[PDB]
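**Q** Sequences listed follow chains H and G, in order.
The first sequence runs 1 to 90, 107 to 426 under the UniProt record's numbering.
The second sequence runs 1 to 546, 556 to 649 under the UniProt record's numbering.
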Amino acid sequence: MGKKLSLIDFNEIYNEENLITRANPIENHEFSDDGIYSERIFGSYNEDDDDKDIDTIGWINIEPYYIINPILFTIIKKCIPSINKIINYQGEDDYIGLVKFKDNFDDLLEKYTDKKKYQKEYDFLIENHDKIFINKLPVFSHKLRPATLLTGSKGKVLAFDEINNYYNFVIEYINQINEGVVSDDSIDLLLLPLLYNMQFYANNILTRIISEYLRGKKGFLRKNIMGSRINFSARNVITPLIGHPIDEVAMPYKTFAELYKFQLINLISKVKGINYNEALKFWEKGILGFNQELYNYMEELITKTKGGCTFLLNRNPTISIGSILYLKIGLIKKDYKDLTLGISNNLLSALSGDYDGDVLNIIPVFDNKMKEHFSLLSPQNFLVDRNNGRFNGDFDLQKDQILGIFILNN
Amino acid sequence: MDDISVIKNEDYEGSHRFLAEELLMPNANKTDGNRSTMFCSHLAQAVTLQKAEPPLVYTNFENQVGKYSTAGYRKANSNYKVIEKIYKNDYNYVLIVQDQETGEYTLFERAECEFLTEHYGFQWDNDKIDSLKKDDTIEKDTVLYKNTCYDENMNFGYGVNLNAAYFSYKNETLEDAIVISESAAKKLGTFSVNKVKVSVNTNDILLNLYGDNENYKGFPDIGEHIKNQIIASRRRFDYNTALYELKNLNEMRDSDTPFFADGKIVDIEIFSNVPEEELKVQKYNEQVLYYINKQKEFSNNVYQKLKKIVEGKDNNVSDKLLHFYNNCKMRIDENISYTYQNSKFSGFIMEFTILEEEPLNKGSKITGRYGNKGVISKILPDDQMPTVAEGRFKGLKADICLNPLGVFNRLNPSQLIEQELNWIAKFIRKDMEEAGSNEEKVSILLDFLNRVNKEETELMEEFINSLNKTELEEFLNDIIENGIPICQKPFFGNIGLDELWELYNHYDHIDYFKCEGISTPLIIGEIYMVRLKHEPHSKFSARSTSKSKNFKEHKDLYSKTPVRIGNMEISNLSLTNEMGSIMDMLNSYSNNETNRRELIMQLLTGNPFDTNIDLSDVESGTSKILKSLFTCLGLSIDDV
């Protein structure tokens with residue numbers, strides 16, 4: 001909640017064009033162009049025609065009246081504990113009201129504060145005095161806050177989150193206040209409570225957005241920091257491979273098909289002169305069982321692609337150099353049942369994994385530029401131990417390999 | 001407690017009371033506790049084998065384990081008489097019997113497969129129950145149906161005996177890796193049974209995957225195997241009133257929900273909440289109707305036959321018969337509204353029971369009774385495996401080859417003792433075959449067993465003297481060709497270093513086999529082998545851009570669960586010192602939707618063999634939402 005960050009002066013950024021001064025949720029059986037769910041300023045389902053993003057932000061005007069800034073409310077509350085009582089209208109001045117509070121705020125801040133307890137807050141109030149009172153409160157895009165239509169016994173009804181209720185309530189309260197000319201002549205003293213409710217609703221709007229961050233905005237973003245879910249990824253068991261170079265590997269039929277699907281569909285469309293959807297039908301048929309034709313397209317990709325077909329192999333935990341390795345797909349297996357990645361025994365020591373049923377993550381790299389940059393993680397570059405500069409025994413001959421050379425030479 | 005002085009060996013001498021699961025392990029005193037606990041874990045992880053055999057080296061408690069593990073066999077519990085037999089499917093049927101003492105009426109059920117959980121199950125040897133006909137008496141202890149584990153005389157087997165040699169095969173047998181003969185892999189075969197539920201509502205229809213235009217069949221029949229791993233696919237319709245989509249029967253789309261499995265379906269159970277007349281009008285329901293009718297026909301058939309017994313005053317019916325009768329009666333009864341998960345459902349729910357013979361494949365894990373683990377690296381033809389030449393045992397080929405390096409490190413010496421005993425037994429068998437009368441053969445057999453197990457020798461002498469001359473000749477031939485039983489008790493009665501030493505010293509002719517292309521002489525001896533539950537399929541994941558649980562619900566062929574990149578992975582990647590490329594991969598693969606769309610589009614529109622992707626620099630959707638909401642909050646980032 002409480003964060004130290006730059007504040008924004010709403011009045012400068014406020015745009016009169018996207019101003020919601022109409023509180024009506026619907027107008028004459030239609031979504032109001034001036035309503036909260038406005039296609040003109042916020043956008044609609046046809047968002048490509050609109051060219052208006054989620055960033056589109058609506059505005060509401062409280063002029064000629066000012067409210068306490070919702071973000072700055074808590075610090076004022078700590079400085080002035082009686083803020084909740086004082087704002088309501090029912107020392108020298110007590111419980112004067114919101115409009116009266118504005119006129120005497122500077123004196124009141126000195127009047128009811130403990131300097132030692134809240135000096136930093138008081139200094140902040142002096143620093144950002146101009147931003148204490150707000151004339152316009154922003155409303156975020158209706159695309160973020162959906163209103164799903166439902167059928168009702170009396171009539172079709174729109175279900176929507178409470179945030180929309182908070183916004184429309186605020187606009188409803190303000191709309192009547194500005195209209196009255198001869199009503200207001202002496203009513204102005206009981207008009208103040210109406211403004212008070214608006215301030216509380218805006219505070220809940222601020223609190224709800226804080227909860228919105230918890231509900232898959234900040235939680236999802238920090239979950240992404242916890243674990244970014246990458247497409248074009250795979251998990252596979254490792255099996256020993258013999259007779260092929262160390263960097264090259266053998267990949268199962270199913271593994272290659274999914275990761276290089278779009279590359280595979282490109283070739284089938286070009287070779288057979290078919291639509292992309294029709295090419296997908298060929299790929300779907302191949303997924304079910306081994307067919308030589310799709311294997312031929314897969315074999316051509318590994319054979320003829322520039323830089324080869326390469327990927328990154330990581331064994332978690334990724335705590336050591338060589339945990340993630342840049343490798344090449346030498347062969348594609350012709351057994352549908354075989355679902356094990358074939359790796360050289362020399363790679364195993366660097367990865368620190370075992371052929372005990374452990375699974376390694378496969379992340380293919382496509383761009384030739386990206387392929388080159390990740391080639392610094394290749395096994396060939398890791399033949400040199402980085403601390404010593406000597407050859408790394410991790411990539412040296414292992415148990416079975418050493419014995420054969422020993423019998424040969426010794 | 002700290003005190004182990006309480007444990008005195010004389011107290012536990014001659015008794016295996018302190019052993020539990022290790023009663024199935026020979027020479028358990030010689031195996032380490034770690035290997036023993038792994039063996040205990042493996043027995044629960046063991047999968048049923050079609051061609052399971054009683055172990056050549058046995059502990060003599062195996063049959064008791066088969067006896068008291070009742071999941072594998074059905075035994076009659078009283079004398080019964082077969083009243084009648086009713087058929088639902090060719091594979092599934094029910095037999096109504098009457099107790100010959102109580103007079104109570106009970107039933108026995110026959111089905112091809114037993115489902116345990118997930119894909120695990122086993123086929124049944126239903127020979128005896130299938131033999132039974134009306135007015136046939138079932139004796140008290142007859143076994144109506146048995147698992148593949150039990151044999152003709154109800155001996156129990158959880159694995160197969162395979163000839164093994166410790167040999168370094170082109171480094172393919174690296175660490176715990178195994179190379180198997182194709183014939184040997186044929187022996188280690190498992191079953192997979194799956195119960196798959198497809199729910200079709202009013203607006204859903206099943207495509208004509210298995211049928212022509214004249215005859216509409218949207219899913220396999222009771223005797224037909226699944227093709228292309230698709231049982232059926234349902235297309236959901238906004239309104240089924242038009243019925244204009246009749247021409248759409250052959251085609252398939254991504255929106256259609258496909259149900260995946262392979263094998264022979266053996267039972268279909270349909271739960272329908274729709275009136276028959278509504279179903280009959282549409283031809284696309286035709287196949288379904290048949291099975292629905294069949295179910296009703298089965299249910300009605302029991303109701304008519306048992307109504308006198310159940311609804312009669314005597315009511316000498318077992319609870320199982322009563323509940324079966326009530327369920328069938330509910331099925332035929334009108335106003336039966338079926339509820340699944342405590343909710344009434346539209347259309348019908350179908351359960352297919354599918355049995356498939358699953359063979360040994362690369363990545364399968366096989367083990368012995370001594371805690372060792374092995375992964376099938378390669379399956380090779382019999383000729384390519386080590387084959388001994390120029391001997392009495394000429395052309396003998398090793399079924400499995402195991403890693404010789406590190407064998408003693410494992411601390412499970414007993415596997416070697418099993419191998420040595422079966423290898424020495426091969427020589428004894430050839431000695432019996434080569435010369436002598438039946439008496440000479442039994443003499444050689446008894447001497448060898450006296451070297452191995454005295455109790456087996458004594459009991460074998462009794463058993464042999466009991467046999468008639470024809471029976472004795474048949475038993476001797478069985479021993480010569482199929483194998484010789486050797487008893488190695490877990491703790492008391494097994495042979496040791498000195499006993500094997502004496503065995504080798506007495507039998508001077510027994511020496512290592514000289515194989516065809518191998519300089520080092522090799523020992524080939526049978527070891528008991530078991531198949532474990534693990535296969536690579538369990539952990540396979542592959543994803544391409546557009556958990557979902559569809560795979561668990563049989564709607565996806567394989568898991569598409571994404572891999573996760575974290576700070577550790579980003580640091581190891583940052584070793585390259587090219588952070589921009591790492592961010593490009595993150596945005597193109599996950600974070601940035603615009604860049605992701607560009608990557609997919611370029612991959613499908615660019616040259617197949619040359620791929621260079623240029624990604625636009627744009628704020629992510631999450632970032633846009635963050636800026637919008639924060640501005641409403643009243644705080645704005647200053648790129649701090």
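Even for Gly, the Cβ is constructed at its ideal location relative to N, Cα and C.
1) Measuring alpha carbon to alpha carbon, tell me which of G:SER318, G:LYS313, G:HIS42, G:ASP333 ends up nearest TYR303 of chain G.
2) Since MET252 of chain G and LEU207 of chain G are thought to touch, with beta carbons under 8 Å apart, how far apart are those beta carbons, to the nearest angstrom?
3) For a cutoff of 8 Å on Cβ pairs, would you count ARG234 of chain G as touching chain H?
4) For the stretch 631-647 of chain G, which residues have a CB atom closer than 8 Å to at least one CB atom of chain H, in sequence order?
5) Ordered along the chain, which non-local residues of its own chain (more than five positions away) have a Cβ less than 8 Å from that of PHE149 of chain H?
6) Measuring straight from C-alpha to C-alpha, what distance separates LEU72 of chain H and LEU644 of chain G?
7) Using only the alpha-carbon positions, how far apart do residue 553 of chain G and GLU182 of chain G sit?
8) Under the three-state reduction of DSSP, which class applies to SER337 of chain G: helix, strand or coil?
9) Taking only three categories from DSSP, how would you classify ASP55 of chain H?
10) Between the alpha carbons of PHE448 of chain G and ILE495 of chain G, how many angstroms are there, rounded?
11) Is it buried or exposed, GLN192 of chain H, if we count other Cβ atoms within 10 angstroms and call 16 or more buried?
12) Does the separation of the CB atoms of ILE340 of chain H and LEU328 of chain H fall below 8 Å?
13) Which two residues bound the contiguous beta strand (DSSP E) that contains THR190 of chain G?
14) Exposed or buried, what is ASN15 of chain H when buried is set at 16 or more other beta-carbons lying within 10 Å of its beta-carbon?
15) Between which two residues does the beta strand (DSSP E) containing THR356 of chain H stretch?
16) Examine chain H for any beta-carbon lying closer than 8 Å to the beta-carbon of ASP593 of chain G, and answer yes or no.
17) So who's on the other strand from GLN123 of chain G, going by DSSP bridges?
18) Along chain H, in chain order, which residues have C-beta atoms closer than 7 Å to that of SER541 of chain G?
19) Below 7 Å between beta carbons is the criterion; list the residues of the stretch 126-153 of chain H that meet it against any residue of chain G, in chain order.
20) Taking the straight line between their C-alpha atoms, what separation do you get for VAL6 of chain G and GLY14 of chain G?
21) List, in order along the chain, the chain G residues whose C-beta lies closer than 7 Å to that of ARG245 of chain H?
22) Per the DSSP calculation, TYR239 of chain G is bridged to which residue(s)?
23) According to the Cβ coordinates, are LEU19 of chain G and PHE491 of chain G closer than 8 Å?
24) Using 8 Å as the Cβ pair cut-off and three pairs as the minimum, do the stretch 155-168 of chain G and the stretch 98-108 of chain G touch?
25) I need the DSSP call for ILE36 of chain H, collapsed to helix, strand or coil.
26) Residues of chain H with CB closer than 7 Å to the CB of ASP619 of chain G, please, in chain order.
27) I'd like to confirm the pairing. Which residues does DSSP put opposite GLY371 of chain G in its beta bridges?
28) So what does DSSP say about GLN611 of chain G, is it helix, strand or coil?
29) CB-CB under 8 Å to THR202 of chain G, same chain, minus the five flanking residues each way: which ones, in chain order?
30) Answer yes or no: does any C-beta atom of chain G fall closer than 8 Å to that of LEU7 of chain H?
31) Which residues share a DSSP beta bridge with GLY223 of chain G?
32) Can you name, in chain order, every residue of its own chain whose Cβ lies under 7 Å from the Cβ of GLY589 of chain G, other than the five neighbours on each side?
33) Does DSSP classify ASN84 of chain H as helix, strand or coil?
34) Considering only C-alpha positions, which residue in the set H:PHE382, H:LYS85, H:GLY420, H:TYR311 is nearest to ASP619 of chain G?
35) Please confirm if the stretch 53-67 of chain G is in contact with the stretch 23-33 of chain G, defined as three or more CB-CB distances below 8 Å between the two stretches.
36) According to DSSP, is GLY589 of chain G part of a helix, a strand, or is it coil?
**A** For this structure:
1) For the purposes of this step, residue 303 of chain G is taken as the residue at position 303 of the second sequence. Of the candidates G:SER318, G:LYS313, G:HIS42, G:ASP333, the residue whose Cα lies closest to the Cα of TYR303 of chain G is G:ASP333.
2) As a first step, residue 252 of chain G is located in the second sequence; it is residue number 252 there, counting from the start. As a first step, residue 207 of chain G is located in the second sequence; it is residue number 207 there, counting from the start. About 6 Å separates the two Cβ atoms, so the contact holds.
3) For the purposes of this step, residue 234 of chain G is taken as the residue at position 234 of the second sequence. No - not a single Cβ of chain H is within 8 Å of the one on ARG234 of chain G.
4) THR631, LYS633, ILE634, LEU635, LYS636, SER637, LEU638, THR640, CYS641, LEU642, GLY643, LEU644, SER645, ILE646, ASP647
5) Start at 1 with the first residue of the first sequence, and residue 149 of chain H comes out as number 133. Only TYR66, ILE67, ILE68, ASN69, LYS118 meet the Cβ criterion.
6) Position 72 of the first sequence, counted from the start, is the residue given in the question as residue 72 of chain H. Position 635 of the second sequence, counted from the start, is the residue given in the question as residue 644 of chain G. Going from the Cα of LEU72 of chain H to the Cα of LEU644 of chain G covers about 10 Å.
7) Between 546 and 556, chain G has no modelled residues, and residue 553 of chain G is one of the positions in that gap.
8) In the second sequence, residue 337 of chain G corresponds to position 337, counting from 1. Reduced to three states, the DSSP call for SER337 of chain G is coil.
9) Here residue 55 of chain H refers to the residue found at position 55 when the first sequence is read from its first residue. Per DSSP, reduced to three states, the secondary structure at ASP55 of chain H is coil, with no helix or strand assignment.
10) Locating residue 448 of chain G in the second sequence gives position 448, counting from the first residue. Locating residue 495 of chain G in the second sequence gives position 495, counting from the first residue. Spanning the two alpha carbons is a distance of roughly 12 Å.
11) Taking the first residue of the first sequence as position 1, residue 192 of chain H is located at position 176. Burial call: exposed.
12) Residue mapping note: residue 340 of chain H aligns to position 324 of the first sequence, counting from 1. Residue mapping note: residue 328 of chain H aligns to position 312 of the first sequence, counting from 1. Yes, Cβ-Cβ distance for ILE340 of chain H and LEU328 of chain H is below 8 Å.
13) Taking the first residue of the second sequence as position 1, residue 190 of chain G is located at position 190. Looking at the DSSP string, the run of the beta strand (DSSP E) that includes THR190 of chain G is 190-200.
14) Working through the first sequence from its first residue, we reach residue 15 of chain H at position 15. Result: exposed.
15) Taking the first residue of the first sequence as position 1, residue 356 of chain H is located at position 340. From DSSP, the beta strand (DSSP E) with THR356 of chain H extends over 356-359.
16) For the purposes of this step, residue 593 of chain G is identified with residue 584 of the second sequence, where counting begins at 1. Answer yes: the Cβ-Cβ gap between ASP593 of chain G and chain H drops below 8 Å somewhere.
17) In the second sequence, counting from the first residue as 1, residue 123 of chain G sits at position 123. The partner list for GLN123 of chain G (beta bridge, DSSP) reads G:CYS113.
18) Here residue 541 of chain G refers to the residue found at position 541 when the second sequence is read from its first residue. Close partners of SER541 of chain G in chain H (Cβ separation under 7 Å): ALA250, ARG251.
19) none
20) The sequence position of residue 6 of chain G within the second sequence is 6, counting from 1. The sequence position of residue 14 of chain G within the second sequence is 14, counting from 1. Distance between the alpha carbons of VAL6 of chain G and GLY14 of chain G is about 18 Å.
21) Residue mapping note: residue 245 of chain H aligns to position 229 of the first sequence, counting from 1. Here the neighbours are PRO571, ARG573, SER599.
22) Here the question's residue 239 of chain G lines up with position 239 in the second sequence. Per DSSP, none; premise fails for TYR239 of chain G.
23) Position 19 of the second sequence holds residue 19 of chain G. Position 491 of the second sequence holds residue 491 of chain G. In this structure, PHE491 of chain G lies closer than 8 Å to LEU19 of chain G by Cβ.
24) no
25) As a working note, residue 36 of chain H is residue 36 in the first sequence. The answer is coil: DSSP assigns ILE36 of chain H none of H, G, I, E or B.
26) As a working mapping, residue 619 of chain G is identified with position 610 in the second sequence. Going along chain H in sequence order, the residues near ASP619 of chain G (Cβ under 7 Å) are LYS322.
27) The count along the second sequence starts at 1 and reaches residue 371 of chain G at position 371. In the DSSP output, where bridge partners are listed per residue, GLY371 of chain G has none listed.
28) For the purposes of this step, residue 611 of chain G is identified with residue 602 of the second sequence, where counting begins at 1. Correct three-state label for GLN611 of chain G: helix.
29) As a first step, residue 202 of chain G is located in the second sequence; it is residue number 202 there, counting from the start. Closer than 8 Å at Cβ, skipping near neighbours: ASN240, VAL274, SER346, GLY347.
30) Position 7 of the first sequence, counted from the first residue, corresponds to residue 7 of chain H. Yes, because at least one Cβ of chain G sits closer than 8 Å to the Cβ of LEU7 of chain H.
31) For the purposes of this step, residue 223 of chain G is identified with residue 223 of the second sequence, where counting begins at 1. According to DSSP, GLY223 of chain G bridges with nothing at all.
32) Numbered from 1 along the second sequence, position 580 holds the residue referred to as residue 589 of chain G. Nothing listed; no residue qualifies.
33) Walking along the first sequence from the start, residue 84 of chain H turns up at place 84. Helix, per DSSP.
34) The residue given as residue 619 of chain G occupies position 610 in the second sequence. Considering only alpha carbons, the answer is H:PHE382.
35) yes
36) The count along the second sequence starts at 1 and reaches residue 589 of chain G at position 580. Helix.
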